[PDB]
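Below is one structure, written out as structure tokens; the observations come after it.
Remember, it's 1-based here, ligands and their atoms both numbered in the order they're listed. For the single chain, residues carry numbers from 1 onward in sequence order.
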Amino acid sequence: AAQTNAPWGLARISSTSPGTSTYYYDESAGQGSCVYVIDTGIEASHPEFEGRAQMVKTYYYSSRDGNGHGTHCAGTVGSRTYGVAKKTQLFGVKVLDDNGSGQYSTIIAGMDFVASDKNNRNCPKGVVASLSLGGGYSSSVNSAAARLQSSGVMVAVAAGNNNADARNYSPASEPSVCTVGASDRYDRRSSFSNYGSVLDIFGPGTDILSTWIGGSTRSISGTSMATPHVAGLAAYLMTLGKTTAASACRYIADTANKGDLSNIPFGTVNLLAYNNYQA
Ligand SMILES: c1c[nH]c(-c2ccc3c(c2)OCCO3)c1
């Protein structure tokens, strides 16, 4: 399948070169997989989700996304125009309030919720969790992310936007999950992206167009935007039978575009997420 005039990040994940604008992908499109977006919620009624999005849990007075951040991330995972995996099922878990903030105890509860809740969903091709959130180092937060991964969910987490080593942030610093840095349309490390030995992969993170609340769209930047590219890619590859939840991060790194990013510090991987789709 070919999507013309796609957002640059989708085109990038199916290309050996920057600077193109068509996204190429197998039409299976993540059908039969599920992706949990653990964030501020998802505006499920947005036409871009085609009925494939639903809220499954909130810790606040509403499950609605009153912020936009979670809707934008969910759109990068699986919306019809802005998503990597255009036929996946999207499940929203609102651990962040409408200002984008949340207590670690709530975030931990949300991760343990997903580890159990997947047993209440139909995801024959596998389950992914996208965590575009974090804060300072916490062993408890890292342990919750490791449990979610161990339970059979491909966990992708944002590296953080501090232009610093991700070892001091959580869940970014958890070794067993997939920690995602951000790049720009010229294959430069995004100026804000964290780095370090704990990163597993880079994805498009600067000027990413996706869904927004009020049935709208907008372009924003962050490692929060790169993470759902990798989460959607995992769901797409799992549907194709090329990998499993336990191995998807390693598979994405093994099959990535290698050595093509600039301004990557010594000791950080130079790997850019790539679907290896041959049209
Ligand atoms: C080769 C030439 N310059 C660099 C470099 C150095 C320090 C860095 C960096 C990149 O990216 C950000 C963290 O600090 C490698």
Short N-O contact, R12 and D187, less than 4.0 angstrom: yes
Kindly tell me which protein residues have any non-hydrogen atom under 4.0 angstrom away from an atom of ligand 1, grouped by chain and ordered by number? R189, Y195, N263, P265
Which pair of non-hydrogen atoms, one from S33 and one from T88, has the smallest distance, and what is that distance? OG-OG1, 2.9 Å
Provide the closest heavy-atom pair for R167 versus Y137 in the form atom of the first, atom of the second, distance. O-CD1, 4.0 Å
Could you check whether the rings of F91 and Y36 sit parallel, tilted or perpendicular, using 30° and 60° as the cut-offs? tilted
Would you mind reporting whether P204 and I13 have side-chain heavy atoms less than 4.5 Å apart? yes
How about NZ on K125, more than 12 heavy atoms from neighbouring residues, nucleotides or ligands closer than 6.0 Å, or not? no
